[PDB]
Structures are given as C-alpha cells and as structure tokens.
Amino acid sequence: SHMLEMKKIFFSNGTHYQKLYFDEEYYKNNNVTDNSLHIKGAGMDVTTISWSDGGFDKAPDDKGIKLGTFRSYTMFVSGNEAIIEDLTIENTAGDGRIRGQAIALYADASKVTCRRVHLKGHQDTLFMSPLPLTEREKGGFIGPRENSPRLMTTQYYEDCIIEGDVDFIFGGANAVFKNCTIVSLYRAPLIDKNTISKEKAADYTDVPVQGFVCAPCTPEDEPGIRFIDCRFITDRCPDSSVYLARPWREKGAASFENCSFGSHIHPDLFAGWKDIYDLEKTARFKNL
C-alpha cells in the first residue's frame, strides 16, 4: 500500500546543552503522523544530551511554588514509540539535597526502547510513565502529564548504564532492564555552614541511608519493573548502605533476576517507604 517517512535524529559527537521536549506539538509541527521518535548518537559516551534543571528551582511561570520534579527533565519523550541509542542523557543539577529531584529522561511514550544509553543524575534520574493515581504533596505532579490520564507504558533498556542515588529508577511502567550497569552514587556528608570556625572542624549532616535504586508505583495487575542480568555497583558508597527498592506506592513491583550486587547493597535488599525497616506487605519485591 504506502510508505511513510519516520522521524530519526542523529546527535553528533559532543555535548548538546538543551532541554528536549518531544510532545504532541513537536510531532504536529514536524509532520510526524505516527507520533514516534528515534534518536541516535555517535556512541554511549561520545554523544551527550545535557541540561541542569532541578525540582527546587524557581517556578518558570505562575504554576507551582517551584519548578517541580516533573518539569525537571533534560529530555521528555511521548507518543506511540520512542527509541534511543548510543548516547548519554544527563541532568547535571546535582545533589537532590540541594537542587531537589532532577530527571534526565521523562520516558512517557507507550513503547520505549533504549540501547547502549547512559542516564546520569542523582535523585529521580529516570522516570517511566505513568504517574501514581494521586499526588502525596500539593502540586507534586505539575508537568506535561499532570492532568493527563494515567496511561501504562512498556519499556526495554538494553546494555545501558543508569546512575543515581535516591529513587533513580521510578514510575508505574512495565519495564525491563537487560544487561545494564546500575550505579549507586555516594551521598557525602554535607557541611553545616553555620558551624564554620577558624581553628576547629565544622559539623556535618551524615546520611542514614545512601539510596534506593528503584521506586515503582506499579498498578495492581501489571508486572512492573524487572532487572535481568544487571550489575549493581557504586562509586564509593559504604557497605550495606543502599536498598534495591522501596515502594513509591503500596503495590509497586520490582524483581531482580540473576543480578549481581556489589557490597554496597544491604543484605535485606528492600526498604519500606513509611519505615525503612518495615516493608509494606503489599509490595511485590522479588530476587530470583
């Protein structure tokens, strides 16, 4: 019957500093009638897409008291399908204690495939649609999908590297991570600046827990997030300081199949949300 031109973009080697928003408006204006996007770089770390918006920043408009998690993204992609290969996407805002949540990829398309992609941030590095049913804090979901329906998505990440500290893979998606390196980043004691003296050490706020890798809000019936043959490593987190998962919503699901865990991973594996030491019995966390 007929042929149609599809949208595929190459990003040269180098760093591209921009906030990419691949929404309905982008597709209509570029005549992408199948609302699908393929992006390609010159190699996982030779091409870098980069921005530095953080959730605690000033609000850019009359909406919200702050920029917000879900407006923090370096790249947002929606539509029927998104494919991303051979590049890095980073949010360089920094430590979540200072700049707040800061998304590298807001992955919102019904089908998402990432091959040989490096995602870098700290808190909330990778977000996979959908959002939970209801916000826990006022305005918490302000962003592209705040008032959109909670559509399920299906996501595959192959030979990727994903970095962060706190809830850095999160959302309600059905997602598979296959042969990925999952890097927990150390959260250093922060100096209390009002304790600076001339001849004496300052005081520091230590961190009880170094991080949680995965924070799903999986709906009841869906399989949710699966890590397969993935490696969990750290830069310099201390032993037994990191949890694989905590349930962002009561019934979140995360499974780890034939994964290898560095010694930064706590032997209990999974943390509660309310209470780190009491995992809500409704969570679906498994290590096979």
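All residue numbers refer to positions in the sequence shown, first residue = 1.
- The deposited model assigns a higher average Cα B-factor to 219-227 than to the other stretch when 219-227 and 51-59 are compared.
- Higher mean CA temperature factor, per the PDB entry, when comparing 198-206 with 161-169: 198-206.
- Of the candidates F11, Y21, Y17, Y277, it is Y277 whose Cα B-factor is highest according to the PDB record.
- The PDB entry assigns the greatest CA B-factor among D95, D124, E137, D108 to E137.
- Per the deposited record, the Cα B-factor of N29 falls in the highest third when ranked against the other modelled residues of its chain.
- In the PDB entry, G41 places in the lowest third of its chain by CA B-factor.
- Ranked within its chain, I233 lands in the middle third, by CA B factor from the PDB record.
- Among the modelled residues of the chain, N258 sits in the highest third by CA temperature factor in this PDB entry.
- The PDB entry assigns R145 a C-alpha temperature factor belonging to the middle third of its chain's modelled residues.
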